[PDB]
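Asker: so I pulled this structure from the PDB, and the sequence comes with it:
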Amino acid sequence: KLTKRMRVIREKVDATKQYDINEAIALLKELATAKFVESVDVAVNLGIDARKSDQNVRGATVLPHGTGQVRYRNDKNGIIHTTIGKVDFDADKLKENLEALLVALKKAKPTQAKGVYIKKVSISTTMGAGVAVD
Amino acid sequence: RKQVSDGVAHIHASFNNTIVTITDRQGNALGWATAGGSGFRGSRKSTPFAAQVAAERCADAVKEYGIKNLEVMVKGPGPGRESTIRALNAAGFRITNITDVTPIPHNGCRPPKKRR
Amino acid sequence: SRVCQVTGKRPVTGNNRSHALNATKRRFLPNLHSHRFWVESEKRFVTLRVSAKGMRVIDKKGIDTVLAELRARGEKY
Amino acid sequence: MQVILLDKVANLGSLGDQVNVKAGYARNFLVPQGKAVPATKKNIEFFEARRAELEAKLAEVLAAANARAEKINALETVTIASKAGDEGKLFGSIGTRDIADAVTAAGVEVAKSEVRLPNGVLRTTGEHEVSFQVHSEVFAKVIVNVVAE
RNA sequence: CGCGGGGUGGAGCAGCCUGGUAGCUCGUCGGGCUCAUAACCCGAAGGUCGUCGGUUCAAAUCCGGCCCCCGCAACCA
RNA sequence: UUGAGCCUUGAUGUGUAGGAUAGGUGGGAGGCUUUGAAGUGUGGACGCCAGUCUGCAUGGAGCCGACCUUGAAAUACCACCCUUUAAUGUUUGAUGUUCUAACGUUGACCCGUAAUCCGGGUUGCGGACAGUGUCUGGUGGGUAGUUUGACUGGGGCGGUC
RNA sequence: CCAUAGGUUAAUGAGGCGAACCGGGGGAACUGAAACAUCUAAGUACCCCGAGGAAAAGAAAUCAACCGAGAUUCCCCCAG
């Protein structure tokens, strides 16, 4: 299934390791090995009960750095997806952007939300692998 | 699957039924079909035509094993016995040899007296 | 007697409290079973009646160290 | 436990490791046969300092001692005569004791505990293969024949 | 009182779990059937999934309840 | 050998519209190729037998995103995962076989010793069973401690409280 | 084989008795609850083992309370 360029992407990010904060965005632009301007895919795991109606979360967040305000709606699988920025941004900028939307989840976390809420944090370049965050 | 090449067809053609069982050369069964399994209940069960479809439904259901050629060892009197080997040969199997293994005793036990 | 040679676990008495709390005098017996211990100094076997927890004291301490205590107390080993 | 080994052992040790084995395996097999010693620092320094270079290699010399036993029997074909009946059929099926008794006068002074005969305890009469397991590494085979005395 | 489930032509069981497309056997009729009665065989008539909402392109299904039918472990006010 | 949890890698999933054996969501429109290409020879894996996938290689260096009919977009690139499952690593459990050192031995023989007790020693047979302890379900009148109402034209029965 | 088990001799000490008290090991039921199973009676009766003139306990991994007290035992309060 794998080809040349993807093998290079795989040898930069090991899917068998959970990383810390400052390691994330540094290796983010190292994932995009294409010439055109790409974006970042934010996949955040929920601890909600997607099979139960009272916990299907949806909302928006006013981002001070843009990709403005981006909208997002969850799935019945339990993970919500949305983009938050692009590849060629500065390291400092997206640090506050990731901090921006997940604390917004602090706001939209249901009262019937059984279990630990924030499960797994992992952002990835549209042409890169998933960079996990604690 | 295991893909076997040669096998042997056991045809138990008795007075009421004609249960056909295709096994391998070692005796291990692969697939089987009966006259009473393909519908045909009652008087039509003890019929050579029912033995025909018994052979057809046993012709398949052994496709996953892919038997090229096989032998035939018929047993019992039965109304089929010779009409069932026809449908098994015309099905697409190579018949090498046909044998008869009807179990006749040498006055072993006292058969029933029934049927008045 | 049902007493462990090493430790000295003698049977104790207690109740057999039921669901309705009916107190019936029962008795707790140590886990005693004779075992043959290979002493390295004498290079032979010495049979002792020990409890299961008594065996663990033997393998954590020295088998000869245990026998030294029995020698100091008179229990014929 | 945490036992420190002396010999190699048939499956886990490499002559001087600290493998955590089952309590019974050490207390009933390893320790009484001198294959290993319990892991208590005093014994550990007795091993890693003293025996690490002394007793470790002299354990190798007895391995060469029965390497001597490999071919003490340049003959490797001893014949015993015991009473038998018609067409083979030994009356007194000789055991492991008697087979060792034959070689003590015609070769190795091997004892009972080393001879390993797979094909029964020798009831029949004819060509036989007797395997002497003098060590856990070397195997010595001896072809013997029994006579119908 | 909690942990699990099952609810389907008149009726016993399927399929659901892994979403879109409901099958099966008796009970009734047209006969065929034979100088006939009996047996047998073929064809046809009958539930839109217990019900109310959420989600989805789509709900019998996934999930929230109710009505319950139960399998129980319990059961020291 | 065989279940299960988990990790990684690689598969996996045809109402019907229809070039698509597409599950949801989804970011951006180039990946891709000569760290040896489209097409094809052939077997295997899968098979609602519709149409995928794929080791080596003659060949020889291309293949296609939006575009369009769809409720949806193209495993060209990618992330978190659902159902079905494949190898490995790893973790324990449940079975079958073999073995010997624990343990059993109310087998033989020798000794303590003129002793059918017992202990010890070679050896034979079983063998991680058996049996014993702690915990636990069941059974249990074998045994134990007890209850088994009052009124009542005497008590019982009936009736009542 | 060595060696232990065993055998023999000598030295030293022990055994039994005694009214209660004392420590430990085992341990009832009648009775009360107006019945009775938890509970009570009671760790009492009784049995057993051991020592002394007393015996047991005993110099804090104890309390207290953010101030302090200082091994154990017994008597009086605390307090029915």
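Answerer: Noted; the coordinates are in hand. Residues are numbered from 1 along each chain as shown, chains lettered A, B, ... in the order given.

Asker: going by C-alpha atoms from here, please, whenever you check contacts or count neighbours.
Answerer: Fine.

Asker: for residue D:79, give me phi and psi.
Answerer: Main-chain torsions, residue D:79, degrees, to the nearest 10: phi -120, psi 130.

Asker: next one: the one 3 residues further on
Answerer: The main-chain torsion angles of residue D:82 are listed as degrees, to the nearest 10 and equal phi -130, psi 160.

Asker: cool, and residue A:40?
Answerer: Dihedral pair for residue A:40: phi -110, psi 130, per degrees, to the nearest 10.

Asker: neighbours around it, how many?
Answerer: By other CA atoms under 10 Å in any protein chain shown, the residues close to residue A:40 number 21.

Asker: next: residue A:61.
Answerer: If you count neighbours by other CA under 10 Å, residue A:61 ends up with 17.

Asker: residue D:42 too?
Answerer: Neighbours of residue D:42 (other CA under 10 Å): 9.

Asker: check the gap between it and RNA strand F for me.
Answerer: Separation of residue D:42 from RNA strand F (CA to the nearest atom of the strand, to the nearest Å): 25 Å.

Asker: state the distance from that residue to residue C:67.
Answerer: 19 Å (CA to CA, to the nearest Å).

Asker: same question for residue D:2.
Answerer: Distance from residue D:2 to residue C:67, by CA to CA: 23 Å.

Asker: more neighbours: these two, which one.
Answerer: residue C:67 (20 against 16).

Asker: can you dump the C-alpha atoms of the host helix or strand of the more buried one in PDB for me?
Answerer: Taking DSSP states H and E as the criterion, residue C:67 maps to helix C:63-73. Output in PDB follows, covering the C-alpha atoms of helix C:63-73 (Å, rounded to 0.1, in the frame of the first residue of the first chain):
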ATOM      1  CA  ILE C  63      17.900 -24.000  55.600                       C
ATOM      2  CA  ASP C  64      20.900 -24.500  58.000                       C
ATOM      3  CA  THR C  65      20.000 -21.200  59.800                       C
ATOM      4  CA  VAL C  66      16.500 -22.600  60.500                       C
ATOM      5  CA  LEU C  67      17.900 -25.900  61.800                       C
ATOM      6  CA  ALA C  68      20.300 -23.900  64.000                       C
ATOM      7  CA  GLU C  69      17.200 -22.500  65.800                       C
ATOM      8  CA  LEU C  70      15.700 -26.000  66.200                       C
ATOM      9  CA  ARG C  71      19.000 -27.200  67.600                       C
ATOM     10  CA  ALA C  72      18.900 -24.300  70.100                       C
ATOM     11  CA  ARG C  73      15.300 -25.300  71.200                       C
END
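
Asker: what distance separates that helix from the centre of its chain?
Answerer: 14 Å (CA atoms, centre = their mean, to the nearest Å).

Asker: residues touching the residue of chain B found nearest chain C, list them.
Answerer: Going by CA to the nearest CA, chain C is nearest to residue B:28 of chain B, at 52.6 Å. For residue B:28, no contacting residues are found, by CA atoms under 8 Å, 6 or more residues apart in numbering or on different chains.

Asker: how much space between it and residue B:4?
Answerer: Per CA to CA, residue B:28 is found 11 Å from residue B:4.

Asker: over to residue D:141?
Answerer: 43 Å.

Asker: scan chain D for its longest strand.
Answerer: Assignment by DSSP state E gives strand D:140-148 as the longest strand of chain D.

Asker: buried ones in it, by neighbour count?
Answerer: D:140, D:141, D:144, D:146, D:148 (16 or more other CA atoms under 10 Å in any protein chain shown).

Asker: ok, residues contacting that strand?
Answerer: D:70-71, D:76-85, D:88, D:90, D:125-134.
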